[PDB]
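[1] sequence first, structure after; it's an experimental one.
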Amino acid sequence: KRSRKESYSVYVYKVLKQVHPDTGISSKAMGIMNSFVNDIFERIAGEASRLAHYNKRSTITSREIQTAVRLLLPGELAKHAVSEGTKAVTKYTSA
Amino acid sequence: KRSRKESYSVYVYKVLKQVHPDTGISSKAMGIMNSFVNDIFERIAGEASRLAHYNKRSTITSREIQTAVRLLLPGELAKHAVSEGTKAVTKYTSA
Amino acid sequence: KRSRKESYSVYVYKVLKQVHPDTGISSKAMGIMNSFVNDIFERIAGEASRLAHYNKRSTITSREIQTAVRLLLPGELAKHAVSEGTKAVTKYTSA
Amino acid sequence: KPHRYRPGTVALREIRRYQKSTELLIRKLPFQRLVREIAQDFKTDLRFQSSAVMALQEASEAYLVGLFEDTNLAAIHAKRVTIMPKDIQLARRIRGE
Amino acid sequence: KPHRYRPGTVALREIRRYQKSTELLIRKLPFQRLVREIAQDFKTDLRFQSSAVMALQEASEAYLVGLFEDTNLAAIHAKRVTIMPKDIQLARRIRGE
Amino acid sequence: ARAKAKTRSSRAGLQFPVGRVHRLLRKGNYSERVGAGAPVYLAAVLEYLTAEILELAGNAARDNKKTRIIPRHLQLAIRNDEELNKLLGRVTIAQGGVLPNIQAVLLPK
Amino acid sequence: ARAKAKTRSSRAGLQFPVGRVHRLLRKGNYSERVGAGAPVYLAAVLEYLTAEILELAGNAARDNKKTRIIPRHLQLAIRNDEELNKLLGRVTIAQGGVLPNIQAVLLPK
Amino acid sequence: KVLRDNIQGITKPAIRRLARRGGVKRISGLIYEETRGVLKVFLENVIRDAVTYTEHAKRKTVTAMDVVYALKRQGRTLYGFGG
Amino acid sequence: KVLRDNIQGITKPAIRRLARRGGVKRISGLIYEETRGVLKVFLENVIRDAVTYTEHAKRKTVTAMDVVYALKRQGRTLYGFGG
Amino acid sequence: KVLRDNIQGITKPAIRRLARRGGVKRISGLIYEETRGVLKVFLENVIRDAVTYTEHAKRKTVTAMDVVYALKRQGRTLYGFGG
DNA sequence: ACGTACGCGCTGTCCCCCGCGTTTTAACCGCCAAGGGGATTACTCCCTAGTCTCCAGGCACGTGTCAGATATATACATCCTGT
DNA sequence: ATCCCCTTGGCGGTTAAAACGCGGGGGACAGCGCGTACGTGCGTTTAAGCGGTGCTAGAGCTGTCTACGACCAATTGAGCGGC
């Protein structure tokens, strides 16, 4: 008997095949991507919590992360991310 | 009232509100965009018809337009176009 | 009137008179001390959160914060703080 | 002959006096104008607390003090009493920019 | 006579060979012995997972190679190519430890 | 008891119509039958091209410190881009003029 | 009697899980309320990040003509970009080594 | 209305006093321009964070509260104005 | 069971190879022992923190998760072992 | 199986004979390189198009019919191979 | 163990910067109008957490298979050597 | 929706802020060797690497239970506002 350990397996595999169908994966690289997504997630999450404390809002909306991604993410990366999330949330509200 | 002269009006304004919320649109620039969409749609539709006759196909699906985008649009734009078109058809299959 | 805006003025003044009855205090120094209280408190609270989630603990106890003190506070300052907190919690449990 | 001090002695007197000094070392109003200048480079018609001008003033001067104490460490490592811009550049590189 | 390269180009060959390589340059067994020894210096009879020893090995690997690239920056600051330990003391000080 | 009329463009997550593009493919007389991926794919490539060229148009307008897009900005935006130029070599923009492309020897020394 | 299941990722057209990130923000204990657009926004941000870095890593793997991505490819991918360098200056990569960085004075002549 | 140079208002003698605090005893002329440059870089980062706070605060006047918040995020935490 | 001299377990050629990865051409003789010392104090911090994590867990074996976690709270996060 | 550099298989006197059909009296030695380069460019375009045609048709052998289709697309319509 | 190479001590040598010193000018000081926005308060709506139920994608497991791990023979790069 | 207050806007006097020129005078730095010290080329050895074997410590999961602590209405009191 084994307990399942959660990871970011199929999502990184699918996004790689969406960007490069003919490029393979090694498992140590897969661990590096697991640690990357966990690290950046906790960075944004902690910054969002600090903003919620800071403006005394009891909530984290899309606007808090919008603020947080010009906080941590730089510039063109941040503005492309803002655009991606903006179109994502418009598709989400349309669905 | 008069008969409706169909155009791409509201679509060009909403895609601009996605990509640049603050800038405005002139009627001349909007006519340029209408004639651009007319030209590119005409080119891709005509080449799709060409591939329909050429492979003796009565059917034109996304695969022939992927063929046509690989034909007409050069390189960087071609693979970019294939990427968001593939994302679009996957979300179409997932409705 | 105004809403009561909270600060650590009185208690630092209390410990000030406790350890130096003859000395005075300034407003700038008191703002520095309030920022110091806030800074050290938030560092220990953040490390206590990390210890809570790394062990999947839903609570932060004296063991959790005690460990966090050994992490944050270095060396003899750490063990003196352990001694003070242990004496304090034994006095607290003695009611 | 009018009396004149040797170079560095007035400099070291300034060192001792202004490590002894605790006040703000920059003129207030041009710093306020500069932070407003950078503000309208970002958002239009934006306003500041005077306390915020104080806060950026004291943070800016202390941050610069950090860069320059790193600059002395680099310069004495470079065996120079006259610093150069490459000292500050290397300090920015090592500090984790 | 057997062929002999000049002092330095074998070192640069080792350089180029090792940024094209990825392999962990520290021997496994004495590193595991060292981590058990340092841990035993604090708390007794302490066991290490092999994954922990390996993970700490690339950790220490990256920490020191960051320190050496930083001291190479300190050396080209000092007009030198051979680093000396005051570069490391400088790097420790201006990094803030 | 019919389902709510929800749009195929939002099914694509896109803005250029599946409906209008499919209609002009059917009534443009290009094939007897048209697959469902065809109008969504072609609307997607038009939206990509449109977003890219209005990105360059907006940057061109803000470079000229102006707010509203003009065909001067459009023509400038087209012939800064090599693959757009290769796409639109034989097309002339109304009121766009010519981007400054001055050959060197006719410039003064 | 019941609506058919659609994931929020398919509603947003993302393939990172919206529900997983929403859970992990609930149980990451960052606020007692979280706006609904926040986790899908964050998942889209990580989607852009992972897509960017997998473009870079796949391109690097083609450049060293290897079919499978390796942490060496990842470490070249991060370290050959400036804004990812600022994003991950303090990050250790297992078996990624160091970027090829020789100083100009270390070269002979 | 707009202003085009107040970077020089943090003057050459003012930069001289600032380096006198750091213990710097001789300063060549090339340092000062790069010091105002990195002053612009740091304060640009801080005010970017600050206006991002401020726009997120849905206000139009910057307080010192978001200033010390941004100094906390950048890693140069300031004592004296917290709370 | 007791170990005495594992500072010399990290051999001199291992140190030279380390500095090869960091791009050091020439390595003087005084470097090896004090780099052993700074590796020692780095592991004193990291292992003290990680072992403190373990004894917080009431575990007896040090895990790689605690090594990377004690790394990460020192601003030295590592990728590749469950972080 | 794999080839590297067969582009000189279109020999220089072949290019000379081509220019004699093109009515060039004197062909510089510099000329042959960009003729090979533009021939590479044109064939790269044509074979890209033709490969796209054949891969659309789910085949593995290029027909001359697809070649003359590629010449229809790019604007160099050729007569005499079943177009 | 041979040996080239690096760290550098000192010292001229141009050379740039500190310091004194008067002048000029704009912040400092101190002084009034005011209003816009910071900040506070009532409302009612937006929004999201949370349970029951149900399903469906995502991870453990196995495996089997071809990209890669390993092996062997030339070509050139390089790096010293020789005229 | 408001209110009221600290910033914004404008005004007058001054002297330090600065600022620029003169002049002294302190400084970086190439470089020419010299001291020397690792760098590199080998041989030697030995212990790490590799492969195989037996033990069991404790990691981790499961069940039990109970130790522990937010909530809430309420009472009150000690610190916040204000002078």
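    That came through, no problem. Numbers count the residues shown, from 1 in each chain, chains lettered A, B, ... in the order given.
[2] tell me what the helix or strand residue H:52 falls within is packed against?
    Using DSSP states H and E, residue H:52 sits in helix H:30-56. Secondary-structure packing of helix H:30-56 (3 or more CB pairs under 8 Å, 6 or more residues apart in numbering or on different chains; DSSP states H and E): helix A:27-54, helix A:62-71, helix D:28-40, helix D:50-77, helix D:85-95, helix H:12-21, strand H:61-62, helix H:64-74. Where C-beta positions appear, they are placed from N, C-alpha and C, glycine not excepted.
[3] need these in a markdown table (columns: distance to residue G:12 and mean neighbour count).
    Below are the helices and strands packed on helix H:30-56 laid out as a markdown table (distance: least, CB to CB, whole Å; neighbours: other CB atoms under 10 Å in any protein chain shown):
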| stretch | distance to residue G:12 | mean neighbour count |
| --- | --- | --- |
| helix A:27-54 | 17 | 21 |
| helix A:62-71 | 12 | 23 |
| helix D:28-40 | 35 | 18 |
| helix D:50-77 | 39 | 20 |
| helix D:85-95 | 40 | 18 |
| helix H:12-21 | 50 | 19 |
| strand H:61-62 | 35 | 19 |
| helix H:64-74 | 28 | 22 |
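[4] the residue in chain F that chain G sits nearest to and residue I:45: what is the separation?
    Nearest residue of chain F to chain G: residue F:13, at 4.6 Å (CB to the nearest CB). Distance, residue F:13 to residue I:45, using CB to CB, to the nearest Å: 50 Å.
[5] and these two? which has more neighbours close in?
    Neighbours around residue F:13 and residue I:45, counted as other CB atoms under 10 Å in any protein chain shown, are more numerous at residue F:13. The numbers are 23 against 15.
[6] so who does the more buried one touch?
    Contact partners of residue F:13, counting by CB atoms under 8 Å, 6 or more residues apart in numbering or on different chains, are A:87, A:91, A:94, B:88, B:91, G:13.
[7] which two of those have the greatest separation?
    By the measure CB to CB, A:94 and B:88 form the most distant pair in the contacts of residue F:13, at 14.3 Å.
[8] with neighbour numbers in mind, choose between the two.
    A direct count of neighbours by other CB under 10 Å for residue A:94 and residue B:88 places residue B:88 higher, at 27 against 14.
[9] give the buried residues for the helix or strand where the more buried one lies.
    If you go by DSSP H and E, residue B:88 is part of helix B:76-93. Of the residues in helix B:76-93, B:77-78, B:80-82, B:84-89, B:91-92 count as buried by neighbour count, 16 or more other CB atoms under 10 Å in any protein chain shown.
[10] same for that helix, what does it pack against?
    helix A:9-19, helix B:62-71, helix F:8-11, helix F:37-63, helix F:82-87.
[11] could you check whether stretch F:52-69 is close to chain H?
    No: taking CB under 8 Å from any CB of the partner chain as the criterion, stretch F:52-69 and chain H are apart, separated by no less than 12.2 Å.
[12] what's that stretch in contact with?
    Outside stretch F:52-69, the residues touching it (CB under 8 Å, 6+ apart) are B:12, B:15-16, B:19-20, B:22-26, B:29, B:36, B:77, F:70, F:73-74, F:76-78, F:80-81, F:84.
[13] same check on stretch H:12-20?
    Stretch H:12-20 is contacted by residues D:11, D:14-15, D:18, D:25-27, D:61, D:64-65, D:68, D:71, H:27, H:31-32, H:35-36 when judged by CB under 8 Å, 6+ apart.
[14] quick one on the thing from earlier: can you confirm the residue of chain F closest to chain G is in a helix?
    No: counting by DSSP: H, G, I helix; E, B strand; the rest coil, one finds residue F:13 to be coil, located in no helix.
[15] so residue F:94 lies in a strand, does it not?
    No: counting by three-state DSSP, residue F:94 falls outside a strand, being coil.
[16] for the residue positioned nearest the centre of chain A, what are its contacts?
    Closest residue to the average C-alpha location of chain A: residue A:41 at 5.7 Å, with CA atoms, centre = their mean. Applying CB under 8 Å, 6+ apart to residue A:41 gives the contacts G:21, G:24, G:42, G:46.
[17] repeat for residue H:65
    Taking CB under 8 Å, 6+ apart, we find residue H:65 in contact with A:54, H:81.
[18] at 10 Å what do you get?
    Applying CB atoms under 10 Å, 6 or more residues apart in numbering or on different chains to residue H:65 gives the contacts A:54, A:55, D:49, D:51, D:52, D:55, H:50, H:53, H:57, H:81, H:82, H:83.
[19] next one: residue F:76
    Counting by CB under 10 Å, 6+ apart, residue F:76 touches F:56-57, F:59-61, F:63-64, F:70, F:93, F:96-100.
[20] of those residues, closest to residue J:72?
    The shortest approach to residue J:72 among the contacts of residue F:76 belongs to residue F:93, at 27.8 Å (CB to CB).
[21] that closest one - how many residues pack around it?
    Neighbourhood size, residue F:93 [other CB under 10 Å]: 21.
[22] surely it and residue F:71 touch.
    Yes: taking contacts as CB atoms under 10 Å, residue F:93 lies within contact range of residue F:71: 5.7 Å.
[23] for the two, list the residues in contact with both.
    B:28, B:29, B:32, F:77.
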